[PDB]
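> Take a look at this one; I'll ask things after.
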Amino acid sequence: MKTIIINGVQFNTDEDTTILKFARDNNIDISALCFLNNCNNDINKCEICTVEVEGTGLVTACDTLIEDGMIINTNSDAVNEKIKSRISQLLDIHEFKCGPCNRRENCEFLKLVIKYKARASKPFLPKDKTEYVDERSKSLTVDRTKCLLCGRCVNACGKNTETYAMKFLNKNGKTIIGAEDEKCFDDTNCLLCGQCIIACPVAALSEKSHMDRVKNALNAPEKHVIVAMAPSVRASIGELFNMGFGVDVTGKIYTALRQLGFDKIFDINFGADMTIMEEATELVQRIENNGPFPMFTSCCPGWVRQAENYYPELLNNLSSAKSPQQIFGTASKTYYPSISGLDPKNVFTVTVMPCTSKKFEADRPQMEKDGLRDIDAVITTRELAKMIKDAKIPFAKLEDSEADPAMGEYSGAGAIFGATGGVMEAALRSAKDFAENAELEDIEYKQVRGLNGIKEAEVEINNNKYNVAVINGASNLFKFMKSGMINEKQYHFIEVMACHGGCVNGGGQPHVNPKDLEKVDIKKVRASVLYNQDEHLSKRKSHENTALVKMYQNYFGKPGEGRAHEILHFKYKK
Ligand code: SF4
Ligand code: SF4
Ligand code: SF4
Ligand code: SF4
Ligand code: FES
């Protein structure tokens, strides 16, 4: 075995990890900053993980591997001053205004300021922040007075998407981060997925706020404000109210939304059953006569932008059904005004999403019908948590309430949408029933579920064999295509999500912090809430939702045709 004494404490091990990863497992904490996603900043490291090992001296723990004769120093003095110096040097390029900062109660730099008791030199107060700020994007915002240049957003974008859309740039003499040619992210190959925000330790990267759109709508006398939350929100916002991980808070969120002043409390899972209603019918129509194959999902805006910027020839193969957000939005300006006494231009639709790319989607020019936007505002999970906290709603102690039924009811098929393989499984439950005109008992497609990057399965429909694939994350779509895996058989239906794990690990989700992220498999525990909802729901197929059936029979007619085909669809030409 190898045998090391870190700070005079005895440890023998048959593990060949780094000093930082051995220490993380063994309670002895070493501080770190640029290390994340099994990588550090290769080009000018932050050196917060400095330790000293006798004989050699000061090394960076996040990438120095343990040796059998080591004696390592953490608390030390020469180590401790090398690190505190580094933090103070970052405060020289940091605007230290915690509160009103959106990262105040979970920062991880404020935490390294009070632990090492570091102070700037000259505190950094730019009189004009314009040059540092970029807010041209519909999904992402940058404030470089908070940027530590730790390279975490660049490495996270490369691992998670492989687009390398978040780059290190040379502006004048300085190094900044941003998009291709310091352009607005929307005008580049960027997917607006937000994984760079999730990797950022500070408030340098944030979602484009839609807080004032919601605010103004709630104070506006004539506006009827509709709110509907995504599948993933109920499996994750309780993390921000110190309730833990994998806690189902569906009922608390409906109550909280009533206390914020919303007029109707609906849900995007109703919209998810609507999308399956259209898309599963479209899949049956593509199986009747030979395609076009493959039909791809078109509900993830990060993926839609990936197939626009990188695979434009696939745009025709995408499902014409609108994403749950946008299909719900079209119906909230048409169906809901006809069952309530309202004029559609006084309805304002707000969604709560685990995603920043949803903001871009809602704001797309043609995502409207004669002046009325499908969706008027999209706030992330972190933004809903902010506005609950501002109102002082005692979230953890709220009584559970139910959604308003007409557009808030949902089946278990819609419920699993927030996990990778969720849309695939939900579409197959309805597509197999529609094509064979039966009510099938077996509905679990466990083989398309889970955290494997590329999952496939063979499905039998009408005693014929069909192949389906599930692409977990945008880096895996590039691997699927470039590998020629797409060509090893004829695929009939392919689900694609841009974020790894699915929407439960989207770019608008609660931050976690690495010394917690080490302990919890966050993609699995957030997803388990949703799968448990499906398993305990009596309706587990989209077409069985009672409020959905009332809407289609009384207002849209049959799926995939006539009126349903008119307004609940969107095709991308460009
Ligand atoms: S990013 Fe962190 S350290 Fe910087 S002002 Fe905000 S809360 Fe404070
Ligand atoms: S939003 Fe996604 S594709 Fe764009 S820079 Fe961030 S991680 Fe990269
Ligand atoms: S934007 Fe955030 S993650 Fe990216 S280099 Fe700056 S501080 Fe690091
Ligand atoms: S996987 Fe979900 S959270 Fe991620 S970009 Fe797509 S729609 Fe957004
Ligand atoms: S955490 Fe090790 S050099 Fe940055």
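In the structure tokens, the first chain shown is A, the next is B, and so on; residue numbers restart at 1 for each chain, and ligands run from 1 in the order shown.
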Run DSSP on the backbone and grab whatever in segment 355-446 of chain A lands in helix (DSSP H, G or I); send it over as a PyMOL selection string.

chain A and resi 357-362+381-390+395-397+405-407+412-415+422-435+446

> Save out the residues we just selected, C-alpha atoms, as a compact mmCIF listing (two decimals), in the first residue's frame.


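Produced file again.txt, reproduced below:
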# COMPACT_ATOMS: atom_id res chain seq x y z
CA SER A 357 -32.76 28.57 -22.97
CA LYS A 358 -36.56 28.62 -22.39
CA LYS A 359 -36.32 32.41 -22.10
CA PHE A 360 -34.92 32.57 -25.66
CA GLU A 361 -37.66 30.19 -26.87
CA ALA A 362 -40.52 32.27 -25.40
CA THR A 381 -36.14 27.96 -10.40
CA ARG A 382 -33.67 30.35 -8.74
CA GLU A 383 -35.86 33.37 -9.68
CA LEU A 384 -39.06 31.83 -8.23
CA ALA A 385 -37.10 31.08 -5.03
CA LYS A 386 -35.91 34.69 -4.93
CA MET A 387 -39.40 36.13 -5.25
CA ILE A 388 -40.81 33.73 -2.62
CA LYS A 389 -38.07 34.81 -0.19
CA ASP A 390 -38.64 38.53 -0.91
CA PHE A 395 -42.09 27.87 2.25
CA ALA A 396 -40.98 24.92 4.41
CA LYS A 397 -44.01 25.32 6.67
CA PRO A 405 -57.69 21.95 -12.74
CA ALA A 406 -58.50 23.20 -16.27
CA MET A 407 -54.88 23.46 -17.36
CA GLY A 412 -47.51 10.23 -14.95
CA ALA A 413 -46.34 10.32 -18.59
CA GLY A 414 -46.08 14.14 -18.35
CA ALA A 415 -44.55 13.89 -14.85
CA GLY A 422 -38.84 10.93 -19.83
CA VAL A 423 -40.26 12.29 -23.11
CA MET A 424 -39.26 9.00 -24.87
CA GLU A 425 -41.11 6.85 -22.36
CA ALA A 426 -44.16 9.16 -22.24
CA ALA A 427 -44.43 9.29 -26.04
CA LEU A 428 -44.16 5.47 -26.33
CA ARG A 429 -46.98 4.89 -23.83
CA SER A 430 -49.41 6.87 -26.04
CA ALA A 431 -47.89 5.96 -29.45
CA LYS A 432 -48.25 2.23 -28.81
CA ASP A 433 -51.85 2.72 -27.68
CA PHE A 434 -52.78 4.93 -30.67
CA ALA A 435 -51.13 2.78 -33.36
CA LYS A 446 -36.80 1.28 -17.98

> Pick out each residue of segment 72-267 of chain A that DSSP on the backbone tags as strand (DSSP E); I need them as number ranges by chain.

A: 72-73, 133-134, 140-143, 167-171, 174-178, 205-207, 224-229, 264-267

> May I have the residues within 9 Å of ligand 2, computed using only C-alpha atoms and all ligand atoms, as number ranges by chain?

A: 139-140, 153-167, 178-179, 185-186, 188-199, 302, 306, 356-357, 474, 498-499, 507

> Can you write out the residues you just picked, keeping N, CA and C atoms, as a short mmCIF file (atom, residue, chain, number, x, y, z; two decimals), in the first residue's frame?


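Ended up saving to result_21.cif:
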data_model
loop_
_atom_site.label_atom_id
_atom_site.label_comp_id
_atom_site.auth_asym_id
_atom_site.auth_seq_id
_atom_site.Cartn_x
_atom_site.Cartn_y
_atom_site.Cartn_z
N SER A 139 -31.09 34.97 -22.76
CA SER A 139 -30.91 33.91 -21.78
C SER A 139 -29.80 34.11 -20.76
N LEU A 140 -28.64 34.64 -21.16
CA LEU A 140 -27.49 34.79 -20.27
C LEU A 140 -27.07 36.24 -20.07
N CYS A 153 -16.49 27.95 -16.39
CA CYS A 153 -17.54 28.04 -17.39
C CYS A 153 -17.10 27.56 -18.78
N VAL A 154 -15.82 27.79 -19.08
CA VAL A 154 -15.19 27.37 -20.33
C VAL A 154 -15.07 25.85 -20.33
N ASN A 155 -14.57 25.24 -19.24
CA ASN A 155 -14.44 23.79 -19.15
C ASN A 155 -15.78 23.09 -19.08
N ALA A 156 -16.76 23.64 -18.33
CA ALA A 156 -18.10 23.09 -18.26
C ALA A 156 -18.79 23.12 -19.62
N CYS A 157 -18.64 24.20 -20.40
CA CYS A 157 -19.21 24.26 -21.74
C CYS A 157 -18.56 23.24 -22.67
N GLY A 158 -17.24 23.02 -22.57
CA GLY A 158 -16.54 22.03 -23.37
C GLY A 158 -16.93 20.60 -23.00
N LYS A 159 -17.00 20.24 -21.71
CA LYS A 159 -17.39 18.90 -21.30
C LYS A 159 -18.86 18.65 -21.63
N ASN A 160 -19.76 19.49 -21.11
CA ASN A 160 -21.19 19.32 -21.29
C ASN A 160 -21.76 19.46 -22.69
N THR A 161 -21.24 20.36 -23.55
CA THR A 161 -21.80 20.55 -24.88
C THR A 161 -20.85 20.28 -26.05
N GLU A 162 -19.53 20.44 -25.82
CA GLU A 162 -18.43 20.38 -26.80
C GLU A 162 -18.53 21.45 -27.89
N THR A 163 -19.34 22.49 -27.67
CA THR A 163 -19.46 23.58 -28.63
C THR A 163 -18.32 24.59 -28.47
N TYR A 164 -17.73 24.59 -27.27
CA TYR A 164 -16.73 25.56 -26.83
C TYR A 164 -17.18 26.99 -27.13
N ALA A 165 -18.48 27.24 -26.92
CA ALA A 165 -19.07 28.55 -27.15
C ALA A 165 -18.70 29.59 -26.10
N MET A 166 -18.28 29.14 -24.90
CA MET A 166 -17.76 30.03 -23.88
C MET A 166 -16.25 29.90 -24.01
N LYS A 167 -15.69 31.02 -24.45
CA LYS A 167 -14.26 31.13 -24.74
C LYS A 167 -13.54 32.14 -23.86
N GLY A 178 -16.31 35.16 -22.62
CA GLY A 178 -17.47 35.59 -23.36
C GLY A 178 -17.70 34.69 -24.55
N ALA A 179 -18.53 35.18 -25.47
CA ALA A 179 -18.82 34.42 -26.67
C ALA A 179 -17.80 34.68 -27.76
N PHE A 185 -24.16 36.05 -27.11
CA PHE A 185 -24.27 34.60 -27.13
C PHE A 185 -25.31 34.02 -28.08
N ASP A 186 -26.41 34.76 -28.28
CA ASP A 186 -27.51 34.40 -29.15
C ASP A 186 -27.09 34.39 -30.60
N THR A 188 -24.18 33.47 -31.72
CA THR A 188 -23.13 32.47 -31.86
C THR A 188 -23.72 31.07 -31.78
N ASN A 189 -22.88 30.03 -31.90
CA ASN A 189 -23.30 28.64 -31.84
C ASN A 189 -23.77 28.11 -30.48
N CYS A 190 -23.67 29.00 -29.47
CA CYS A 190 -24.12 28.77 -28.11
C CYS A 190 -25.55 28.26 -28.06
N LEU A 191 -25.77 27.32 -27.15
CA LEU A 191 -27.07 26.67 -27.01
C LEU A 191 -27.99 27.32 -25.98
N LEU A 192 -27.42 28.31 -25.27
CA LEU A 192 -28.07 29.08 -24.21
C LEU A 192 -28.60 28.23 -23.05
N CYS A 193 -27.98 27.05 -22.92
CA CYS A 193 -28.33 25.99 -21.97
C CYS A 193 -28.10 26.31 -20.51
N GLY A 194 -27.16 27.25 -20.28
CA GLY A 194 -26.84 27.77 -18.96
C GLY A 194 -25.87 26.94 -18.13
N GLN A 195 -25.28 25.86 -18.64
CA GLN A 195 -24.34 25.06 -17.85
C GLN A 195 -23.10 25.80 -17.36
N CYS A 196 -22.76 26.90 -18.03
CA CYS A 196 -21.68 27.78 -17.60
C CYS A 196 -22.06 28.55 -16.33
N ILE A 197 -23.35 28.90 -16.16
CA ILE A 197 -23.85 29.57 -14.96
C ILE A 197 -23.74 28.58 -13.82
N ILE A 198 -24.19 27.34 -14.03
CA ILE A 198 -24.13 26.30 -13.01
C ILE A 198 -22.71 26.06 -12.50
N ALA A 199 -21.70 26.15 -13.37
CA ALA A 199 -20.31 25.99 -12.97
C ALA A 199 -19.67 27.24 -12.36
N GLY A 302 -32.25 24.10 -26.21
CA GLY A 302 -30.80 23.96 -26.33
C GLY A 302 -30.46 23.05 -27.50
N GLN A 306 -28.84 23.64 -31.24
CA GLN A 306 -27.75 22.78 -31.69
C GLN A 306 -28.02 22.24 -33.09
N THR A 356 -32.49 28.30 -18.84
CA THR A 356 -32.26 29.64 -19.33
C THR A 356 -32.60 29.75 -20.81
N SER A 357 -32.48 28.63 -21.54
CA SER A 357 -32.76 28.57 -22.97
C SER A 357 -34.25 28.73 -23.29
N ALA A 474 -25.81 17.47 -24.90
CA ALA A 474 -25.36 17.92 -26.23
C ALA A 474 -24.03 17.38 -26.72
N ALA A 498 -30.32 18.78 -24.15
CA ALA A 498 -29.01 19.43 -24.15
C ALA A 498 -28.22 19.32 -22.85
N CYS A 499 -28.92 19.25 -21.71
CA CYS A 499 -28.27 19.12 -20.42
C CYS A 499 -28.20 17.66 -20.01
N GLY A 507 -29.78 24.71 -16.73
CA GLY A 507 -28.98 25.88 -16.40
C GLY A 507 -29.61 26.90 -15.47
#

> I want to know what sits within 8 Å of segment 84-96 of chain A, based on only C-alpha atoms, with residues of the same chain fewer than 5 positions away left out; could you give that as a list in words?

residues 46, 47, 48, 112, 113, 116, 117, 118, 119, 120, 121, 122, 123, 124, 125, 126, 145, 146, 147 and 148 of chain A

> List all protein, DNA and RNA residues that have an atom no more than 6 Å from any atom of ligand 1, counting only C-alpha atoms and all ligand atoms, and report them as number ranges by chain.

A: 95-98, 101, 103-104, 107, 109-110, 146, 202-203

> Would you put the residues from that selection into a file with N, CA, C and O atoms, as a tab-separated table (two decimals), in the first residue's frame?


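And here is the file that came out, out-v2.tsv:
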chain	number	residue	atom	x	y	z
A	95	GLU	N	-15.75	43.26	-7.36
A	95	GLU	CA	-16.58	44.26	-6.73
A	95	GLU	C	-17.33	43.55	-5.61
A	95	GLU	O	-18.30	42.82	-5.80
A	96	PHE	N	-16.81	43.79	-4.40
A	96	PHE	CA	-17.29	43.13	-3.20
A	96	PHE	C	-18.54	43.74	-2.56
A	96	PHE	O	-18.52	44.31	-1.47
A	97	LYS	N	-19.66	43.60	-3.26
A	97	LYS	CA	-20.92	44.14	-2.80
A	97	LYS	C	-21.94	43.03	-2.54
A	97	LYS	O	-22.96	42.91	-3.22
A	98	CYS	N	-21.67	42.21	-1.52
A	98	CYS	CA	-22.53	41.07	-1.19
A	98	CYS	C	-23.84	41.61	-0.63
A	98	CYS	O	-23.82	42.36	0.35
A	101	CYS	N	-26.20	41.37	-4.14
A	101	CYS	CA	-25.76	40.29	-5.02
A	101	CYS	C	-26.62	39.04	-4.99
A	101	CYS	O	-27.01	38.56	-3.92
A	103	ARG	N	-25.80	36.05	-5.49
A	103	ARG	CA	-25.11	34.87	-5.00
A	103	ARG	C	-24.74	34.94	-3.52
A	103	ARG	O	-24.12	34.03	-3.00
A	104	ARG	N	-25.14	36.01	-2.82
A	104	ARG	CA	-24.90	36.21	-1.40
A	104	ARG	C	-25.11	35.01	-0.47
A	104	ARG	O	-24.16	34.62	0.21
A	107	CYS	N	-22.61	31.86	-2.02
A	107	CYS	CA	-21.52	32.28	-2.90
A	107	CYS	C	-20.35	31.35	-3.14
A	107	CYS	O	-20.35	30.87	-4.27
A	109	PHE	N	-16.77	32.12	-2.40
A	109	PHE	CA	-15.71	33.10	-2.68
A	109	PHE	C	-15.83	34.09	-1.53
A	109	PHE	O	-14.83	34.66	-1.08
A	110	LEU	N	-17.07	34.33	-1.09
A	110	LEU	CA	-17.34	35.06	0.13
A	110	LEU	C	-16.92	34.14	1.27
A	110	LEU	O	-16.30	34.56	2.24
A	146	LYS	N	-17.48	40.66	-11.21
A	146	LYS	CA	-17.57	39.52	-10.32
A	146	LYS	C	-16.72	38.34	-10.81
A	146	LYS	O	-16.56	37.35	-10.10
A	202	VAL	N	-19.32	32.41	-8.54
A	202	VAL	CA	-19.73	33.75	-8.14
A	202	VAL	C	-20.92	34.25	-8.95
A	202	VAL	O	-21.58	33.47	-9.64
A	203	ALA	N	-21.23	35.56	-8.87
A	203	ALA	CA	-22.34	36.16	-9.61
A	203	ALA	C	-21.93	36.73	-10.97
A	203	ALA	O	-22.63	37.57	-11.53

> Residues near residue 14 of chain A, anyone? I mean within 10 Å using only C-alpha atoms, not counting same-chain ones fewer than 2 positions away, as a PyMOL selection string.

chain A and resi 1-3+12+16-17+68

> Would you export the selected residues with C-alpha atoms as a compact mmCIF listing (two decimals), in the first residue's frame, please?


# COMPACT_ATOMS: atom_id res chain seq x y z
CA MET A 1 0.00 0.00 0.00
CA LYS A 2 0.89 3.68 -0.17
CA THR A 3 1.29 5.50 3.16
CA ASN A 12 -2.55 4.05 4.32
CA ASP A 16 -4.28 6.60 -6.77
CA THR A 17 -6.12 9.91 -6.54
CA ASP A 68 3.85 6.57 -0.89

> Pick out the residues sitting within 7 Å of residue 30 of chain A, and hand them over as a PyMOL selection string; count only C-alpha atoms, and ignore anything fewer than 2 positions along from it in its own chain.

chain A and resi 20+23+28+32+49+74

> Just want the residues within 10 Å of ligand 5, written as a PyMOL selection string, counting only C-alpha atoms and all ligand atoms.

chain A and resi 20+30-36+39-51+59-64+150-152

> I need the chosen residues saved as a CSV table (one decimal), in the first residue's frame, with C-alpha atoms.


chain,number,residue,atom,x,y,z
A,20,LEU,CA,-7.5,17.1,-2.9
A,30,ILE,CA,-8.4,21.5,1.5
A,31,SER,CA,-9.9,24.6,-0.1
A,32,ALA,CA,-10.2,24.7,-3.9
A,33,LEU,CA,-11.6,27.2,-6.5
A,34,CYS,CA,-10.8,26.6,-10.2
A,35,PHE,CA,-11.2,22.8,-9.9
A,36,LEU,CA,-14.5,21.4,-11.1
A,39,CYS,CA,-10.4,19.7,-14.4
A,40,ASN,CA,-8.7,22.9,-13.3
A,41,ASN,CA,-7.5,26.1,-15.1
A,42,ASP,CA,-4.5,24.6,-16.9
A,43,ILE,CA,-3.5,28.1,-18.1
A,44,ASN,CA,-2.9,30.0,-14.9
A,45,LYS,CA,-4.2,28.1,-12.0
A,46,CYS,CA,-5.8,29.7,-9.0
A,47,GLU,CA,-3.6,27.9,-6.5
A,48,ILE,CA,-6.2,27.9,-3.7
A,49,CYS,CA,-5.6,24.2,-3.3
A,50,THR,CA,-2.0,24.8,-2.3
A,51,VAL,CA,-0.4,22.4,0.1
A,59,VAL,CA,2.2,22.1,-5.0
A,60,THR,CA,-1.4,22.4,-6.2
A,61,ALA,CA,-3.4,19.6,-4.5
A,62,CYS,CA,-6.2,19.4,-7.2
A,63,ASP,CA,-3.7,17.8,-9.6
A,64,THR,CA,-0.8,16.5,-7.6
A,150,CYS,CA,-11.2,30.6,-13.0
A,151,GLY,CA,-12.1,28.9,-16.3
A,152,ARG,CA,-14.9,26.8,-14.9

> Residues within 10 Å of residue 548 of chain A, please, as a ChimeraX atom specification. Count only C-alpha atoms; anything in the same chain fewer than 2 positions from it doesn't count.

/A:270-271,273-274,277,405-411,542-546,550-554
